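Reading the structure
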Amino acid sequence: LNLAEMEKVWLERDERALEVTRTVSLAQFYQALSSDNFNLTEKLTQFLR
Amino acid sequence: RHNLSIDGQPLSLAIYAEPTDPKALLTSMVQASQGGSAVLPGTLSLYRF
């Protein structure tokens, strides 16, 4: 009975979701930060040398 | 005067009209009006028939 209760609420409250894609460029994101920003390529190459 | 013999024995045979037989007692099934379940509007599932 408990499983049937679970199944009923699942079918009744199920929803087809909106499926979205978001692309994030880390160089752009780090450069556009308000307070503590930096440049990805410059800091990456500096840290390797 | 009381229709007895010299010894006091009665001279007329009496009667009492024997009680009228046993009695039959019966039981019976009793039924009453009974209703049925109702139907509500149905939900729309997300899956096909």
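Method-wise, the PDB entry is recorded as coming from X-ray crystallography, at a reported resolution of 3.10 Å.

**Quick notes on the overall build of chain A**
Tallying secondary structure elements over chain A gives 3 helices and 0 strands in all. For chain A, the succession of helices and strands along the chain, N to C, is α-α-α. Across its three principal directions, the C-alpha atoms of chain A cover 65 × 20 × 20 Å. For chain A, the residues scored as buried account for 0% of the 49 residues in total. Here chain A displays about 5200 Å² of accessible surface, and carbon together with sulfur accounts for 55% of that area. Taking the 6 positively charged and 8 negatively charged side chains of chain A as two groups, their mean positions are separated by 11 Å.

**Concerning the overall build of chain B**
In terms of helices and strands, chain B carries 0 helices and 0 strands. Put simply, chain B has 49 residues, and 0% of those count as buried. If you sum the accessible surface of chain B, you get close to 6300 Å²; carbon and sulfur atoms cover 58% of it.

**Describing the pattern of salt bridges**
All names here are of chain A. Per the counting criterion, the structure on display carries 1 salt bridge over all chains. For the salt bridge of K8 with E12, the shortest nitrogen-to-oxygen distance reads 2.9 Å. Of the two residues, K8 and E12 are both situated in helix 1 (residues 2-13); the distance of 4 residues between them amounts to about one turn of the helix. Classification of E12 by relative accessible area gives partly exposed; the value is 39%.

**Some words on the packing of aromatic side chains**
The description of two aromatic rings rests on the distance between their centres and on the angle between their planes. All names here are of chain A. Per the counting criterion, the structure on display carries 3 aromatic pairs over all chains. Ring geometry for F29 and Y30: centres 5.8 Å apart, planes at 55°, overall tilted. Residue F29 is classed as partly exposed on the basis of its relative accessible area, which comes to 44%. A relative accessible area of 25% means that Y30 is categorised as partly exposed. Each member of the aromatic cluster is reached from another via a ring pair, and the members are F29, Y30 and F38.

**Considerations on unusual backbone geometry**
Residues and elements named next belong to chain B. Residues other than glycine seldom take positive phi values, yet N3 does so here, at roughly 60°. Taking the relative accessible area as the measure of exposure, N3 reaches 45% and is therefore partly exposed. Within the chain, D21 stands out as a residue other than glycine whose phi angle is a positive 40°.

**Points about the environment of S35 of chain A**
All names here are of chain A. With respect to the helices and strands, the residue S35 is situated in the loop between helix 2 (26-31) and helix 3 (40-48). C-alpha separation for the pair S35 and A4, spaced 31 residues apart in sequence, amounts to 53 Å. A polar contact of 3.2 Å, which involves the side chain of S35, links it to the side chain of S34.

Parameters at a glance
- Residues numbered from 1 in each chain as written, not as in the entry; some residues may be left out.
- Chains lettered and ligands numbered in written order.
- Part of a larger assembly, values for the part shown.
- Heavy atoms only, no water.
- Helix = DSSP H or I, 4+ residues; strand = E, 2+ residues; numbered from the N terminus.
- Buried < 20%, exposed > 50% of the residue type's maximum accessible area, 1.4 Å probe, protein only.
- Areas by Shrake-Rupley, 256 points an atom, 1.4 Å probe, with all protein chains shown as cover.
- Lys, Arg positive; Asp, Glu negative; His and termini not counted.
- Charge placed at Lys NZ, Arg CZ, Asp CG, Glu CD.
- Salt bridge = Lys/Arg side-chain N within 4 Å of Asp/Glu carboxyl O.
- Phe/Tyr/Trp six-rings, centres within 6.5 Å; stacked < 30°, edge-to-face > 60°.
- Polar contact = N/O pair within 3.5 Å; in protein donor to acceptor, adjacent residues only side chain to side chain.

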